[PDB]
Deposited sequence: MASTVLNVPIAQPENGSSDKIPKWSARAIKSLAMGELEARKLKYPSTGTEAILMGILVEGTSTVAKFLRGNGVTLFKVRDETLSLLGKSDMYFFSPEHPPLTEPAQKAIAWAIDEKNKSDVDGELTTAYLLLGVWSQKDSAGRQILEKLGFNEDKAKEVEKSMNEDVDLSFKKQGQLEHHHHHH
């Protein structure tokens, strides 16, 4: 359970993005946006290179989701929770030492097949080959 600095900034950026945008909860789409707002990790550059950018993610999000009753603190959705749990679980069995980077967080969103993050990623051109490609990057 040792989070990289860029993973921590990402989540923080995701939750703040959820408040900025007046969302009733903080979901997988915020995690994904959090990574891109952070923007300096290996996986963020990878996404940005394969046509997945904040602008397009922000856009693809409206195409999914008025909202005038959102709480001051948008709680994590169950899929967001499941994506973070997935990142923990994958790292605790990786049979290697290391911190859990933003790539684990991205594969966590990707592992949640009903999630808004899963959808948006596909809608932008992300696929299983690219996920094995990121999973290869996370191991070098």
What are the unmodelled segments when the structure is compared with the full deposited sequence, in sequence order?
-> 1-21, 87-90, 166-184
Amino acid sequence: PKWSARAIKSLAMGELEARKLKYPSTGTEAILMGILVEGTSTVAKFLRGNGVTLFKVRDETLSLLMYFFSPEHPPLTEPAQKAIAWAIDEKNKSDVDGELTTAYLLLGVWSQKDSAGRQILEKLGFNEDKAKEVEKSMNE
From here on, numbers count along this sequence of modelled residues.
Entry-level comparison of average CA B-factors, 130-138 and 4-12, reporting the higher stretch | 130-138
90-98 versus 52-60 - which carries the larger mean C-alpha B factor in the record | 90-98
Per the entry, which of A83, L65, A30, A103 tops the list for Cα B factor?
-> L65
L21, C-alpha B-factor rank within chain (lowest, middle or highest third) = middle
Sorting the chain's CA B-factors, does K45 end up in the lowest, middle or highest third?
-> highest
